[PDB]
Amino acid sequence: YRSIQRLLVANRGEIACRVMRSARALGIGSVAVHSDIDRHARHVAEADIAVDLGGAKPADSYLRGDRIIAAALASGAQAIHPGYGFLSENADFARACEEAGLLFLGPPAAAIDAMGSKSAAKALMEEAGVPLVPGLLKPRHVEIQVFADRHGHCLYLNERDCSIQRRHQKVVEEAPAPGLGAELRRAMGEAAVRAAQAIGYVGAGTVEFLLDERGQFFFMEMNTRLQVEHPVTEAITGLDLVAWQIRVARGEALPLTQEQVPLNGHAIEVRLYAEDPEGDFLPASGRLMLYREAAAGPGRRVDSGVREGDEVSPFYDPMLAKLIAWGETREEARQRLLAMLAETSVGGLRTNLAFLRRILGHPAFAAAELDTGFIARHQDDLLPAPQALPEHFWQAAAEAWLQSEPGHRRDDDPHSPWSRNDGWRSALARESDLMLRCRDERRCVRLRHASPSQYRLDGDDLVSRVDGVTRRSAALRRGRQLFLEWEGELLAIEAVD
Amino acid sequence: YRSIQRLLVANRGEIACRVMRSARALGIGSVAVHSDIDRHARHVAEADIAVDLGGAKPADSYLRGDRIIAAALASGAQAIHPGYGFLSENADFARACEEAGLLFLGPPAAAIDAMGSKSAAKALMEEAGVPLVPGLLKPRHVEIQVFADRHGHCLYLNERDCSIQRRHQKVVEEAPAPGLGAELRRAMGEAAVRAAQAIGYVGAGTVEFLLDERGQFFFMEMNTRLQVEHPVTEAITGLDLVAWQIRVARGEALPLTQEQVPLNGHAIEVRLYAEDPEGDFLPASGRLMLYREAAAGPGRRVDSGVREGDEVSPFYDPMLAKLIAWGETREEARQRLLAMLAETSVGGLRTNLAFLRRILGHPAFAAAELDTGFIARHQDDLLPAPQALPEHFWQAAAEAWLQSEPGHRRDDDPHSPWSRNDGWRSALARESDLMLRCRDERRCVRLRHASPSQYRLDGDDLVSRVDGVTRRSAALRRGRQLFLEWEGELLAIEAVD
Amino acid sequence: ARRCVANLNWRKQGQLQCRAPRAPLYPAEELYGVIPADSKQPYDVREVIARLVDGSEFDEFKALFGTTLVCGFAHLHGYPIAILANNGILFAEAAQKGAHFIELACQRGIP
Amino acid sequence: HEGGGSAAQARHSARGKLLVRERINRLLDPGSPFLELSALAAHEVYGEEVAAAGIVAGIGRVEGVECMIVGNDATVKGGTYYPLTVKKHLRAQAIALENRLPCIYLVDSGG
């Protein structure tokens, strides 16, 4: 049994802050590694000690195993945690990693490159009692979370339904999986843990399956790292998977027997991308102007690795946050996760937050109409064509803009009534003429109200008295730009010059 | 059954705050009493009503039971809690105390002075069925928590291992106790409750035992009070000892039957004294310049009775606070408790915080290498000899200090660049010459930095980029003194005059 | 000595309407390369102005007249300043341009 | 910044006398800036060497006041006043009069 004082996190973003959180909770020092273009990054902040690797691109930095291993070794760390992606799956690292004295938080070299070729894999899975594909109608991408230790033990922490995906790229995972019955659960459950002992697995990992309408599942492949969407699986049980990794790592054995891993309630998760809803997923990458995560609450979780104002890199995965919601039922989670998504606002770049908004509220998602084609299927109802919508809007937008610039208060006489930008005039109504610009359509808004009301503005909120029926829509400014949430969308408006 | 409206806490420091906290939680008024030199005190603040006792000495005050008893009676309380020490163990009080109409939260007269003389005790224990010492190899001071009520019931709340002791004075108590197995537990456990029914016990109390290598325990003495280190025990169980005290005293019966008294996880505690690590524990007593307790978290708890800026009296026990951390494992508590000890900083006096940090981090502690000689044994590893360590330091504390005085900003023109104390010069490099003084050695530091880097300083943290490997060590200032935590220690630097 | 200057009951006498100090828009060290090495080599002075003023904001007076002398208002670390930088020769137009400018700043008490 | 050369310079500290440029930095406010005036003073002007013309002068914060400071370098030719040393001392008091800065004269000269 070995002990870890400093765990070096060989990765960046939300996942290094997510592993940092656990090491810290466990009383373990967190050493992060950073590329050049991340000396400013969040994960370098939340790290006790941090080290400078390469320059910019993922290649000559985060993937340089020679420096990561010398870094953590000169840093005082006695273990490395790969994270997902980057150097998570490649015995070469794990190999020269563990041969450096460091405990590699992952399966052994052996088991890693085993799942490296579909040949070596279908080999042991065929000879493992793991159903492969004969040689599928509305197939549902269902995976299994499993955990083993250095003592032969190994149970499955139930599954997840990661079907709804953009041209192959998961976006909405859930746990448990909607359809599947009690037995079909224990079915693929052991089926995965079979292939598990197959490769003689240490850490945690997921066994990718693809079940179809007829009722049969087939092994697709397997990931020898903690899966990207593990939070929802932690939601339904009550296990901090990462913490478990540092446990198996030291020697410790699994605390729960197979007929012990729980399953109260339902968890749903979404991936927050710097992509583009209708612009055909063009992972844009500018700079975070506005970033307001909904406040924690009910059963709200949010794993993020960025903070408003930070620089959105071009050389890395454009995933800002992961928004996880939980309920006692499936509808309690979704309805509550929908809440989170409307309380959340990112401005100053292209986001999929609008897309996600209406895919969780799409009647199709209500019922278990899940397969790996649903993304393309109702493609229209989820990626509508734009339009310079009403003046309805423009009006708000201007009143809003006006109310977000104090005018100017002279220290000469602060009390000066000339600071009140109400557009006061002699005997006619208040005239405010403003040269705005939204999306890429500039308009000289005429703001002539004789009835002072219409819209008032408190904090980051636009309150409107629309005929007895008051409604409050979020709106806030940052620099020359003012972000107003207008029907799902979060449009940016600024001053023409 | 009688009811308490106001409980008087005849005591001071962290223990009064400890019991007040519970008193409050129970909707019960807390009346502390104070000495002369404590009208500024913390527990006098946390009290709802508070009375002035004698002068300074502990004799002339907190010990005057005649006034404490009168105060309490004129204060409107219906009970007294003596806390630990002072008058918590002596019939004379409880006697005339209960003879005053008030309920004494403790054992009845009889039982108190019972364990008052080794003779009288040796007698009860001998004829009680609790092994004594006949007439010991690497002895391990283990105790047992007991609790009985005004109804015969009497459970034992498991044990504790308070061996690590400075020339006899507990330093690191914990629970459960390292070695001892399932049977040896319930062993000494009932053996205490036996000695319990012996004196016909009422309140809470501990049975100090002394087991050795060969595997046998022997009664050493007993405390008819709540023990110093009750935290750790509440830790592993989940019960609020003092709350239970306020209950038994009313009449209320014990909620748990012996085979219900819980015990998940492990907890560790340390005593924070105004003593002196190397200076051979000479209980210094000055004034608390800096006092930063580690932030609440994982399973961190701190029972303190002081607040930064408080006057550390000479007439009282130099204990500032009790730091306890728990885990699901033993090292999970130790690793986490060492987290808290590092985030913790007290400056402007001689502290044992230095020593504590290294004795929880000594390897001997990892392994169950426990006896009552451990504190003496690894003598050198835990109280090393000092040394005017590196210039490596001197420069950091100099940069640190320079960045702690804004220079001065004139209302004449605030934005004035003459406020930047960056040591700007015409063509050579920033030159800042500082007349400093750490410990007892003054140095005129020459700060000629060409590359403006080296050390930044934000909040109370000195962040240094030492060759790509950025690390941030705590450092902050108060008055003409700057506290910089340098290698465990927390050195104080101030200006020459 | 320090102590004497301590009880000087001293108060500053100047007074401008300085604003919040904002840094330039281009690294000040970039000047090294702005200045041609060939002493008799023509270059645009605004490029040096851009690296000294705040937010590299510069309001130009008689923009296109006697261009040989560039003139304008801006701020420098808060303080408002009126600038006059040479840009070549200097025929009559440039001087009148510059005398008229000095008038304006002299009238508003801008350095 | 060497003054009258390591030679005399050291023979200075020998007397238990703080060196000029040291007295200055000691006097200024912790980390304050310092704007020196004519350092290249009398460079290759007099037959021999007379570093900064035997007197250092400049502006620096003392007790929160922008002050004009001048002290001579006893190491430089005995601190005596060469013609330019005078022009310097004087040019310093101009900057002081014209800009209303109190004065600190750190006196240590021959004649």
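The values are calculated or read from the model by the stated rules, or taken from the named source; none is laboratory data. A quick note on method: Cβ atoms are made from the backbone with ideal geometry, for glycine too, and the neighbour counts reach across all protein chains shown.
Of everything listed in (1) within 25 Å of A:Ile28 (Cβ to Cβ); (2) buried (at least 21 other Cβ atoms within 10 Å of the Cβ), the single unmet condition for A:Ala253 is (2).
Within segment D:45-85, the set of residues being away from chain B (no Cβ under 14 Å), out of contact with any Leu (no Cβ under 9 Å at 6 or more places or on another chain) and not β-branched (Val, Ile, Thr) comprises D:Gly47, D:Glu48, D:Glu49, D:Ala51, D:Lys77, D:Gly78, D:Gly79, D:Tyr81, D:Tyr82, D:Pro83, D:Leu84. Annotation note: of A:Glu221, A:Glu275, A:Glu252, the sole residue that is more than 27 Å from A:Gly327 (Cα to Cα) and within 14 Å of another protein chain (Cβ to nearest Cβ) is A:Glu252. Could you pull out every one of the helices (runs of 4 or more DSSP H) wholly within segment C:1-98 that has 1 or more residues that are touching a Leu at 6+ places or on another chain (Cβ under 8 Å)? Passing ranges, in order: C:2-6, C:46-49.
So, of the residues in segment B:301-332 that are of a type in the set (D, E, K, R) and more than 21 Å from B:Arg21 (Cβ to Cβ), which turns out to be farthest from the other protein chains (Cβ to nearest Cβ)? Selected residue: B:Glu311.
Scanning segment A:326-361 for residues that are assigned to a helix (DSSP H, G or I) and among the aliphatic types (A, V, I, L, M) turns up A:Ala333, A:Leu337, A:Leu338, A:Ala339, A:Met340, A:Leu341, A:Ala342, A:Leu353, A:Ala354, A:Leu356, A:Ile359. Among the residues of this structure, B:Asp161 does not count as one that is closer than 25 Å to B:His362 by Cα and surrounded by fewer than 18 Cβ atoms within 10 Å (Cβ to Cβ). Condition check: buried (at least 21 other Cβ atoms within 10 Å of the Cβ), in a strand (DSSP E or B) and outside the structural domain of A:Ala148 (by CATH). Does A:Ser61 satisfy that? When the stated conditions are applied, A:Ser61 does not pass them.
Under the condition of being touching a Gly at 6+ places or on another chain (Cβ under 9 Å) and more than 9 Å from chain B (Cβ to nearest Cβ), which residue from segment A:39-57 is nearest to A:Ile15 (Cα to Cα)? Going through the qualifying residues, I end up with A:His43.
Restricting the first member to segment B:368-380 and to residues that are surrounded by 13 or more Cβ atoms within 10 Å (Cβ to Cβ), and the second to residues that are outside any loop (DSSP other than H, G, I, E, B) and polar (S, T, N, Q), the beta-carbon pairs closer than 9 Å and six or more apart or on different chains are B:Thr372/B:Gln165; B:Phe374/B:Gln165; B:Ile375/B:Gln165.
Counting only residues that are more than 29 Å from B:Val202 (Cβ to Cβ) and of a type outside the set (D, E, K, R), segment B:131-162 holds 5 of them. Counting only residues that are of a type in the set (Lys, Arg) and either under 24 Å from C:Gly14 (Cα atoms) or surrounded by fewer than 18 Cβ atoms within 10 Å (Cβ to Cβ) (or both), segment C:52-81 holds 0 of them. Being in contact with a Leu (Cβ under 9 Å, 6 or more places away or on another chain) and surrounded by fewer than 19 Cβ atoms within 10 Å (Cβ to Cβ) is the filter; apply it to segment D:10-26 and report the residue that is farthest from B:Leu402 (Cα to Cα). So the residue we want is D:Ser13. Of the residues making up segment A:141-171, those that are part of a loop (DSSP other than H, G, I, E, B) and closer than 25 Å to A:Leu320 by Cα are A:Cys162, A:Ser163, A:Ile164, A:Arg166, A:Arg167, A:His168, A:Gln169, A:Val171. Determine, yes or no, whether A:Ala111 is within 22 Å of A:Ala204 (Cβ to Cβ) and either in the same structural domain as A:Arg6 (by CATH) or polar (S, T, N, Q) (or both). Taking the combined requirement at face value, the residue satisfies it. The condition of being part of a loop (DSSP other than H, G, I, E, B), surrounded by 21 or more Cβ atoms within 10 Å (Cβ to Cβ) and away from chain B (no Cβ under 13 Å) holds for only one of D:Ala42, D:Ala92, that being D:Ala42. Here B:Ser30, B:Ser22 are screened, and the one residue that is under 20 Å from the mean Cα position of the chain (by Cα) and not in a loop (DSSP other than H, G, I, E, B) is B:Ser22. Does segment B:103-125 contain at least one residue that is part of a strand (DSSP E or B) and under 19 Å from B:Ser35 (Cα atoms)? No, segment B:103-125 contains no residue that is part of a strand (DSSP E or B) and under 19 Å from B:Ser35 (Cα atoms). The set of residues from segment B:282-300 being surrounded by 18 or more Cβ atoms within 10 Å (Cβ to Cβ), away from chain A (no Cβ under 14 Å) and assigned to a strand (DSSP E or B) comprises B:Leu290, B:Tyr291. Within segment A:19-28, the set of residues being in contact with a strand residue (DSSP E or B) (Cβ under 7 Å, 6 or more places away or on another chain) and either surrounded by fewer than 22 Cβ atoms within 10 Å (Cβ to Cβ) or within 14 Å of chain B (Cβ to nearest Cβ) (or both) comprises A:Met20, A:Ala23, A:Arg24, A:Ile28. Taken over segment B:473-491, the criterion of being surrounded by fewer than 20 Cβ atoms within 10 Å (Cβ to Cβ) and small (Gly, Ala, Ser) is satisfied by B:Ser473, B:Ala474, B:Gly479, B:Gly488. Counting just the residues of segment A:303-337 that are touching a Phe, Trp or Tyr at 6+ places or on another chain (Cβ under 8 Å) and of a type in the set (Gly, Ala, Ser), which one comes out farthest from A:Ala367 (Cα to Cα)? Among those that are touching a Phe, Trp or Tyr at 6+ places or on another chain (Cβ under 8 Å) and of a type in the set (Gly, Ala, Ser), it is A:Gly309. With respect to the stated conditions, B:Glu89 is in the same structural domain as B:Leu8 (by CATH), surrounded by 19 or more Cβ atoms within 10 Å (Cβ to Cβ) and among the acidic types (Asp, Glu).
Here is the figure for segment C:32-64: residues that are closer than 15 Å to C:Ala85 by Cα and not hydroxyl-bearing (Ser, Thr, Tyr) total 20. Is there any pair linking a residue in segment B:412-424 that is more than 7 Å from chain D (Cβ to nearest Cβ) and under 15 Å from C:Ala20 (Cα atoms) to one that is surrounded by 14 or more Cβ atoms within 10 Å (Cβ to Cβ) and among the charged types (D, E, K, R), with Cβ under 9 Å and at least six apart or on different chains, and which? Final answer for the pair search is B:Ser416/B:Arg410; B:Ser416/D:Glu66; B:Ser419/B:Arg410; B:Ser419/D:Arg61. Under the condition of being assigned to a strand (DSSP E or B) and either among the β-branched types (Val, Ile, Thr) or not assigned by CATH to the domain that holds B:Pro176 (or both), the residues counted in segment B:200-238 number 2. Note on segment C:23-66: residues that are closer than 20 Å to C:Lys97 by Cα and out of contact with any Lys or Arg (no Cβ under 9 Å at 6 or more places or on another chain) amount to 7.
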